[PDB]
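Peer 1: Quick one, what's the 3D model for this:
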Amino acid sequence: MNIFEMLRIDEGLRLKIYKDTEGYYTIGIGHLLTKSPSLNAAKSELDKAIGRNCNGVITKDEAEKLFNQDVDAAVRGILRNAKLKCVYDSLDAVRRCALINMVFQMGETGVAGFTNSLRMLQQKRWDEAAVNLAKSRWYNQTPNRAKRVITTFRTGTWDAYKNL
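Peer 2: Numbering: from 1, shown residues only. Right below this line is the structure:
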């Protein structure tokens, strides 16, 4: 299992514009297009992102290309962020995947706000951090996904994704 396989379990693959759990316009493998309520604004972001006239629909191929850029940007964001890099560098390979997943879903900013959990993960207090991460809007809004990520930080294994 790797970061790409893991995120594709969590995000899915949709070739037509769709709405987030949050109601936002997305496509592909969790690629948010706009937080704006117009399908028209979304369609315009899509064609800008792909470089063609898409009419709301993309190929597998374009989906994967967007996914490649997004994971690359997530990693680079972690590495550029003062709060995040320090925790990343301290973690093992599997837990590193779990932080990347959070960054992809919520953005750098969002994750950097989990101050106390970050602190516990750096300290390698796995059980405590798992309990603290669960006290969040994130966990309450997307509990099955959050709990997969949380088990990943708790165990350091890919067990939560075996099932799936």
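Peer 1: Farthest from the middle of this protein: give me that residue.
Peer 2: residue 53 (27.0 Å; CA atoms, centre = their mean).
Peer 1: mind checking which helix or strand it is in?
Peer 2: For residue 53, there is no host helix or strand (DSSP states H and E).
Peer 1: Let me see the contact set for it.
Peer 2: Counting by CB atoms under 8 Å, 6 or more residues apart in numbering, residue 53 touches residue 47. For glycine as for every other residue, the C-beta is placed from the backbone atoms N, C-alpha and C.
Peer 1: by contact count, what packs against the helix or strand containing residue 162?
Peer 2: Assigned by DSSP H and E, residue 162 falls within helix 160-163. Applying 3 or more CB pairs under 8 Å, 6 or more residues apart in numbering; DSSP states H and E, one finds that helix 160-163 makes contact with helix 3-11, helix 143-155.
Peer 1: so how far is residue 26 from the residue lying closest to residue 103 once chain neighbours are set aside?
Peer 2: Leaving aside its sequence neighbours, residue 103 sits nearest to residue 74 (CB to CB, 6 or more residues apart in numbering; 4.6 Å). As for residue 74, its distance to residue 26 is 16 Å (criterion: CB to CB, to the nearest Å).
Peer 1: repeat for residue 105
Peer 2: Counting by CB to CB, the gap from residue 105 to residue 26 is 12 Å.
Peer 1: that older thread, separation between the residue farthest from the centre of the chain and residue 140?
Peer 2: 40 Å.
Peer 1: ditto for residue 108
Peer 2: Taken as CB to CB, the span from residue 108 to residue 140 is 22 Å.
Peer 1: Show the subsequent helix or strand relative to the longest strand along the chain.
Peer 2: Longest strand in the chain by number of residues (criterion: DSSP state E): strand 14-19. Downstream of strand 14-19, the next assigned helix or strand under DSSP H and E is strand 25-28.
Peer 1: And for residue 109, the neighbour number?
Peer 2: Residue 109: 11 surrounding residues under other CB atoms under 10 Å.
Peer 1: Which strand or helix spans it?
Peer 2: Using DSSP H and E, residue 109 sits within helix 93-112.
Peer 1: swap in residue 74?
Peer 2: Going by DSSP H and E, residue 74 is part of helix 60-80.
Peer 1: Give me the buried stretch members for the helix or strand just after that helix, please.
Peer 2: Sequence-wise, the next helix or strand downstream of helix 60-80 (DSSP H and E) is helix 82-90. For helix 82-90, the neighbour count (16 or more other CB atoms under 10 Å) marks 83-84, 87-88 as buried.
Peer 1: Thank you, goodbye.
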